[PDB]
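See below for the structure under consideration.
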Amino acid sequence: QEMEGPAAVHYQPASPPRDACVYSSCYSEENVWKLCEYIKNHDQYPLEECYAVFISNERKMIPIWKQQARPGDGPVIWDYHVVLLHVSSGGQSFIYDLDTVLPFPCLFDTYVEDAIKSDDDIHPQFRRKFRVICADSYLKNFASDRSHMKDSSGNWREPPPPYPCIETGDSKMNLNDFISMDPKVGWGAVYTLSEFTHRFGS
């Protein structure tokens, strides 16, 4: 036997269940934005406890396991993927990934163990980096005109979300500044996988 060294065993989700959330496949940056907006307006949790987390790397090829786009034990290779992180007040973190087959939400350590896995034996050009943006900053600064989702003829590669493009007073398109893992670009903090787990893991 081993006991753990606050637990949040009665943690109340910051969002509705998965199937009740606004969602479009291949627009996880917007799916997470919409979760942030829900949390802002629901007055249950301080928005500052929440973060948008972009996952990508220099070559824009990151494996993520336990993804609904590929059922089974293999990974999806994304150019980037976005999830929501809630650091609950007691210290336990939860990941909200509308594309995972893991629970929604999922304990942070379980998400890292099963969906991310170790980079130790991964070919180095697939290794994962994480850009962590305060949810308040994400709502204030993110903008996407969806121009990255069109084919060479200007038609949609994947059907867009059924509402107007997210824009701010300052920008109509800065998605590349969130996908980038250059800490001199954009908002938030950039972590390697081990830095990310060191910072938020139990």
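Going by the structure tokens order, chains are called A, B, ..., each with residues numbered from 1, while ligands are numbered from 1 in the order shown.
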
_I want to know what sits within 10 Å of residue 175 in chain A, based on only C-alpha atoms, with residues of the same chain fewer than 5 positions away left out; could you give that as a ChimeraX atom specification?_
/A:29,142-148,180,186

task: Return as a count of residues only the full set of residues in range 23-185 of chain A whose backbone-based DSSP assignment is alpha helix (DSSP H).
output: 30

Show me, as a list in words, the residues that have an atom within 9 Å of residue 128 in chain A when counting only C-alpha atoms, minus same-chain residues fewer than 6 positions from it.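 That gives residues 55, 56, 57, 61, 62, 63, 116, 119, 192 and 193 of chain A.
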
So that I have them on file, write out the residues from the current selection with C-alpha atoms, as a CSV table (one decimal), in the first residue's frame.
chain,number,residue,atom,x,y,z
A,55,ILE,CA,1.1,21.7,-27.9
A,56,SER,CA,3.4,21.8,-30.9
A,57,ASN,CA,7.1,21.9,-31.9
A,61,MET,CA,4.6,17.3,-35.8
A,62,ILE,CA,3.5,16.1,-32.4
A,63,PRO,CA,2.1,12.7,-31.4
A,116,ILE,CA,1.3,12.6,-24.0
A,119,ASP,CA,9.6,12.0,-24.8
A,192,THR,CA,9.5,21.5,-22.6
A,193,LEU,CA,7.6,18.4,-21.7

- Task: Find the spatial neighbours of range 38-51 of chain A, counting only C-alpha atoms, within a cut-off of 6 Å - ignore same-chain residues fewer than 4 positions away - and output them as JSON, numbers by chain.
- Result: {"A": [84, 85, 86, 87, 133, 134, 135]}

Pull C-alpha atoms from the residues just selected and write them as an mmCIF file, in the first residue's frame.
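See again-v5.cif below for the written result:
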data_model
loop_
_atom_site.group_PDB
_atom_site.id
_atom_site.type_symbol
_atom_site.label_atom_id
_atom_site.label_comp_id
_atom_site.auth_asym_id
_atom_site.auth_seq_id
_atom_site.Cartn_x
_atom_site.Cartn_y
_atom_site.Cartn_z
ATOM 1 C CA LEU A 84 -7.625 23.620 -21.485
ATOM 2 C CA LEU A 85 -5.809 23.343 -18.148
ATOM 3 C CA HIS A 86 -7.570 24.089 -14.854
ATOM 4 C CA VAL A 87 -5.252 24.441 -11.855
ATOM 5 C CA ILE A 133 -1.514 31.134 -21.794
ATOM 6 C CA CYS A 134 -3.690 32.523 -18.996
ATOM 7 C CA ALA A 135 -7.302 32.048 -20.090
#

Closest atom pairs, residues of range 74-151 of chain A within 12 Å of range 10-18 of chain A, only C-alpha atoms, as a Markdown table:
| residue | atom | partner | partner_atom | distance |
| --- | --- | --- | --- | --- |
| A:84 | CA | A:14 | CA | 10.3 |
| A:85 | CA | A:14 | CA | 10.3 |
| A:86 | CA | A:14 | CA | 8.1 |
| A:87 | CA | A:14 | CA | 10.9 |
| A:88 | CA | A:11 | CA | 8.5 |
| A:89 | CA | A:11 | CA | 10.5 |
| A:90 | CA | A:11 | CA | 10.1 |
| A:91 | CA | A:11 | CA | 11.6 |
| A:92 | CA | A:11 | CA | 9.5 |
| A:93 | CA | A:11 | CA | 10.4 |
| A:94 | CA | A:13 | CA | 9.1 |
| A:95 | CA | A:13 | CA | 10.4 |
| A:96 | CA | A:15 | CA | 8.6 |
| A:97 | CA | A:18 | CA | 8.8 |
| A:98 | CA | A:18 | CA | 6.2 |
| A:99 | CA | A:18 | CA | 9.1 |
| A:100 | CA | A:18 | CA | 9.8 |
| A:101 | CA | A:18 | CA | 10.3 |
| A:102 | CA | A:18 | CA | 11.0 |
| A:103 | CA | A:18 | CA | 9.0 |
| A:104 | CA | A:18 | CA | 6.3 |
| A:105 | CA | A:13 | CA | 6.8 |
| A:106 | CA | A:13 | CA | 9.8 |
| A:107 | CA | A:11 | CA | 10.2 |

Requested in this report: May I have all residues of chain A that DSSP, computed from the backbone, assigns to strand (DSSP E or B), given as a PyMOL selection string?
Outcome: chain A and resi 50-56+62-64+67+76-78+81-87+93-96+100+106-107+129-134+150+156+189-192

Restricting the output to N, CA, C and O atoms, write the selected residues as a short mmCIF file (atom, residue, chain, number, x, y, z; two decimals), in the first residue's frame.
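So part.cif came out as:
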data_model
loop_
_atom_site.label_atom_id
_atom_site.label_comp_id
_atom_site.auth_asym_id
_atom_site.auth_seq_id
_atom_site.Cartn_x
_atom_site.Cartn_y
_atom_site.Cartn_z
N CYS A 50 -7.36 29.15 -14.99
CA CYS A 50 -7.46 28.37 -16.21
C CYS A 50 -6.47 28.87 -17.25
O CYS A 50 -6.12 30.06 -17.29
N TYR A 51 -6.05 27.95 -18.13
CA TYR A 51 -5.05 28.23 -19.14
C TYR A 51 -5.40 27.52 -20.44
O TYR A 51 -5.85 26.37 -20.43
N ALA A 52 -5.19 28.20 -21.56
CA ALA A 52 -5.10 27.53 -22.85
C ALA A 52 -3.70 26.97 -23.00
O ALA A 52 -2.71 27.65 -22.69
N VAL A 53 -3.59 25.73 -23.45
CA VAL A 53 -2.29 25.09 -23.62
C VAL A 53 -2.18 24.65 -25.07
O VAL A 53 -2.89 23.74 -25.51
N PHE A 54 -1.30 25.31 -25.83
CA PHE A 54 -0.92 24.88 -27.17
C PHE A 54 0.20 23.85 -27.07
O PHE A 54 1.16 24.05 -26.32
N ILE A 55 0.07 22.76 -27.83
CA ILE A 55 1.09 21.72 -27.90
C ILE A 55 1.58 21.67 -29.34
O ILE A 55 0.78 21.51 -30.26
N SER A 56 2.88 21.86 -29.54
CA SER A 56 3.44 21.77 -30.89
C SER A 56 4.96 21.70 -30.74
O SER A 56 5.49 21.47 -29.65
N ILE A 62 3.56 16.61 -33.75
CA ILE A 62 3.52 16.13 -32.37
C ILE A 62 2.57 14.95 -32.28
O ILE A 62 1.41 15.06 -32.68
N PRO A 63 3.00 13.82 -31.73
CA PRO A 63 2.06 12.74 -31.44
C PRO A 63 1.28 13.00 -30.16
O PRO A 63 1.81 13.47 -29.16
N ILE A 64 -0.02 12.69 -30.22
CA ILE A 64 -0.87 12.65 -29.05
C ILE A 64 -1.65 11.35 -29.09
O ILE A 64 -2.28 11.03 -30.10
N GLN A 67 -6.58 9.78 -28.69
CA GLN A 67 -7.32 10.77 -29.46
C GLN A 67 -8.49 10.10 -30.17
O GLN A 67 -8.37 8.97 -30.66
N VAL A 76 -2.22 10.23 -32.90
CA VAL A 76 -2.48 11.17 -33.97
C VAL A 76 -1.27 12.10 -34.04
O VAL A 76 -0.78 12.55 -32.99
N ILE A 77 -0.75 12.36 -35.23
CA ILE A 77 0.31 13.34 -35.42
C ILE A 77 -0.34 14.64 -35.86
O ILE A 77 -0.81 14.75 -37.00
N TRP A 78 -0.37 15.62 -34.97
CA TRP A 78 -0.92 16.94 -35.23
C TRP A 78 0.18 17.92 -35.63
O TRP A 78 1.33 17.78 -35.20
N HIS A 81 -1.98 21.08 -31.25
CA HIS A 81 -3.24 20.76 -30.60
C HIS A 81 -3.37 21.66 -29.38
O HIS A 81 -2.36 22.05 -28.78
N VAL A 82 -4.60 22.01 -29.03
CA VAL A 82 -4.87 22.90 -27.90
C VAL A 82 -5.79 22.18 -26.92
O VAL A 82 -6.78 21.57 -27.33
N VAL A 83 -5.48 22.29 -25.63
CA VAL A 83 -6.33 21.80 -24.55
C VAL A 83 -6.49 22.91 -23.52
O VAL A 83 -5.82 23.94 -23.57
N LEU A 84 -7.42 22.70 -22.59
CA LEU A 84 -7.63 23.62 -21.48
C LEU A 84 -7.10 22.99 -20.20
O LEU A 84 -7.36 21.81 -19.92
N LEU A 85 -6.34 23.77 -19.43
CA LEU A 85 -5.81 23.34 -18.15
C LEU A 85 -6.49 24.13 -17.04
O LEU A 85 -6.51 25.36 -17.08
N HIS A 86 -7.04 23.43 -16.05
CA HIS A 86 -7.57 24.09 -14.85
C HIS A 86 -6.71 23.68 -13.67
O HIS A 86 -6.66 22.50 -13.30
N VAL A 87 -6.01 24.65 -13.08
CA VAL A 87 -5.25 24.44 -11.86
C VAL A 87 -6.21 24.78 -10.72
O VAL A 87 -6.40 25.95 -10.39
N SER A 93 -4.33 19.76 -10.86
CA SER A 93 -4.65 20.22 -12.20
C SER A 93 -5.51 19.21 -12.96
O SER A 93 -5.40 17.99 -12.75
N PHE A 94 -6.36 19.73 -13.85
CA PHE A 94 -7.24 18.96 -14.71
C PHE A 94 -7.09 19.43 -16.15
O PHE A 94 -6.98 20.64 -16.41
N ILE A 95 -7.06 18.48 -17.08
CA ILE A 95 -7.01 18.77 -18.51
C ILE A 95 -8.38 18.54 -19.11
O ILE A 95 -9.00 17.49 -18.90
N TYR A 96 -8.85 19.53 -19.87
CA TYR A 96 -10.09 19.45 -20.64
C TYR A 96 -9.71 19.37 -22.12
O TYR A 96 -9.34 20.38 -22.72
N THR A 100 -9.99 14.03 -26.61
CA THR A 100 -9.46 12.83 -25.99
C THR A 100 -10.55 11.80 -25.75
O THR A 100 -11.74 12.14 -25.64
N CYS A 106 -9.91 15.29 -17.20
CA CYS A 106 -8.98 14.24 -16.82
C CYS A 106 -7.94 14.80 -15.86
O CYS A 106 -7.45 15.92 -16.06
N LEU A 107 -7.61 14.05 -14.80
CA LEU A 107 -6.50 14.44 -13.93
C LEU A 107 -5.24 14.69 -14.76
O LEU A 107 -4.94 13.94 -15.69
N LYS A 129 6.45 20.41 -27.07
CA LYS A 129 6.57 21.63 -26.28
C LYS A 129 5.18 22.20 -26.02
O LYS A 129 4.22 21.90 -26.73
N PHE A 130 5.08 23.04 -24.99
CA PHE A 130 3.80 23.51 -24.48
C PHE A 130 3.85 25.01 -24.28
O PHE A 130 4.73 25.51 -23.57
N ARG A 131 2.91 25.73 -24.88
CA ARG A 131 2.73 27.15 -24.62
C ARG A 131 1.49 27.32 -23.75
O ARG A 131 0.39 26.95 -24.17
N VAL A 132 1.68 27.88 -22.56
CA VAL A 132 0.64 27.98 -21.54
C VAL A 132 0.23 29.45 -21.43
O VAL A 132 1.05 30.29 -21.05
N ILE A 133 -1.01 29.76 -21.78
CA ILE A 133 -1.51 31.13 -21.79
C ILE A 133 -2.66 31.24 -20.79
O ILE A 133 -3.63 30.48 -20.88
N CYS A 134 -2.56 32.21 -19.87
CA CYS A 134 -3.69 32.52 -19.00
C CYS A 134 -4.98 32.68 -19.80
O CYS A 134 -5.00 33.35 -20.83
N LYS A 150 -7.87 26.47 -45.46
CA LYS A 150 -8.38 26.45 -46.82
C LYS A 150 -7.39 25.73 -47.72
O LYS A 150 -6.18 25.76 -47.49
N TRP A 156 -12.74 25.03 -47.95
CA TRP A 156 -12.44 24.55 -46.61
C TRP A 156 -11.83 23.16 -46.65
O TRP A 156 -12.36 22.25 -47.30
N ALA A 189 3.86 31.35 -21.46
CA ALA A 189 5.15 30.75 -21.16
C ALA A 189 5.30 29.46 -21.96
O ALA A 189 4.34 28.71 -22.13
N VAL A 190 6.52 29.19 -22.43
CA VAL A 190 6.81 27.99 -23.21
C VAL A 190 7.60 27.02 -22.34
O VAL A 190 8.62 27.40 -21.74
N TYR A 191 7.15 25.76 -22.30
CA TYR A 191 7.79 24.71 -21.51
C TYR A 191 8.15 23.51 -22.38
O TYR A 191 7.38 23.13 -23.27
N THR A 192 9.29 22.88 -22.09
CA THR A 192 9.49 21.53 -22.58
C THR A 192 8.53 20.59 -21.85
O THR A 192 7.88 20.97 -20.87
#

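Note that the spacing between CA of residue 108 in chain A and CA of residue 185 in chain A amounts to 26.2 Å.
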
Check: Looking at A:112, A:166, A:149, A:181, which one is nearest to residue 197 in chain A, with distances taken over only C-alpha atoms?
Finding: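 Between A:112, A:166, A:149, A:181, the residue approaching residue 197 in chain A most closely is A:112.
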
From CA of residue 201 in chain A to CA of residue 22 in chain A the spacing works out at 27.8 Å

CA of residue 151 in chain A to CA of residue 71 in chain A, distance in Å rounded to a single decimal:
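Rounded to one decimal, the two atoms are 26.5 Å apart.
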